[PDB]
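Colleague: This is the structure I have questions about; it appears just below.
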Amino acid sequence: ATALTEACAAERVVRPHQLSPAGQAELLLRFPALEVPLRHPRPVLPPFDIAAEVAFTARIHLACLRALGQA
Amino acid sequence: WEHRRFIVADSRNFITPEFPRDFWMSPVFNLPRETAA
């Protein structure tokens, strides 16, 4: 959590996946646990978001409604 | 005893509702896969 903020504070970037890939790749070579949510183009959860849990409940809530009105 | 008028119901009983023409194309039935709600 220290490595995400202070690396992107000097870069002044709001989200860690919005970082330039030259400055981004140093984080992967140091700490490889963040390589999984960053490398995948389409995960099931929007990465590095706190309401990403609550979005998963509401995305099912739309897919439940969207299947009703068509059927 | 118990007395009643009586009507036999069969599966041949049906009901024919009528829809307005602009009723069927609705914003609720035509939601996209991703909404801002």
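Every chain in the structure tokens has a letter given in the order shown (A, B, ...), and although residue numbers restart at 1 in each chain, ligands are simply numbered from 1 in the order shown.
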I'd like the contact shell of segment 1-7 of chain A - 9 Å cut-off, only C-alpha atoms, skipping same-chain residues fewer than 3 positions apart - returned as number ranges by chain.
Modeller: A: 10-12, 16, 23-24, 27, 31
Colleague: With chain A as the partner and 12 Å as the cut-off, tabulate the residues of chain B that qualify, each row holding the nearest pair of atoms and their distance in Å to one decimal, using only C-alpha atoms, sorted by chain and rising number, as a Markdown table.
Modeller:
| residue | atom | partner | partner_atom | distance |
| --- | --- | --- | --- | --- |
| B:24 | CA | A:69 | CA | 10.6 |
| B:25 | CA | A:69 | CA | 10.8 |
| B:26 | CA | A:69 | CA | 10.0 |
| B:27 | CA | A:69 | CA | 10.5 |
| B:28 | CA | A:69 | CA | 7.7 |
| B:29 | CA | A:69 | CA | 4.9 |
| B:30 | CA | A:69 | CA | 7.7 |
| B:31 | CA | A:66 | CA | 6.8 |
| B:32 | CA | A:66 | CA | 7.8 |
| B:33 | CA | A:66 | CA | 7.3 |
| B:34 | CA | A:62 | CA | 7.6 |
| B:35 | CA | A:62 | CA | 8.0 |
| B:36 | CA | A:62 | CA | 10.7 |
| B:37 | CA | A:58 | CA | 9.2 |
Colleague: What separation in Å, quoted to one decimal, exists between atom CA of residue 19 of chain A and atom CA of residue 52 of chain A?
Modeller: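 Computing the Euclidean distance for atom CA of residue 19 of chain A and atom CA of residue 52 of chain A yields 19.7 Å.
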Colleague: Near residue 55 of chain A, counting only C-alpha atoms, which residues have an atom at most 10 Å away, once you skip same-chain residues fewer than 5 positions from it, shown as an MDAnalysis selection string?
Modeller: chainID A and resid 45:46 49:50 60:61
Colleague: Hey, what does DSSP flag as alpha helix (DSSP H) within chain A? Can you give it to me as a ChimeraX atom specification?
Modeller: /A:2-10,21-30,35-39,52-70
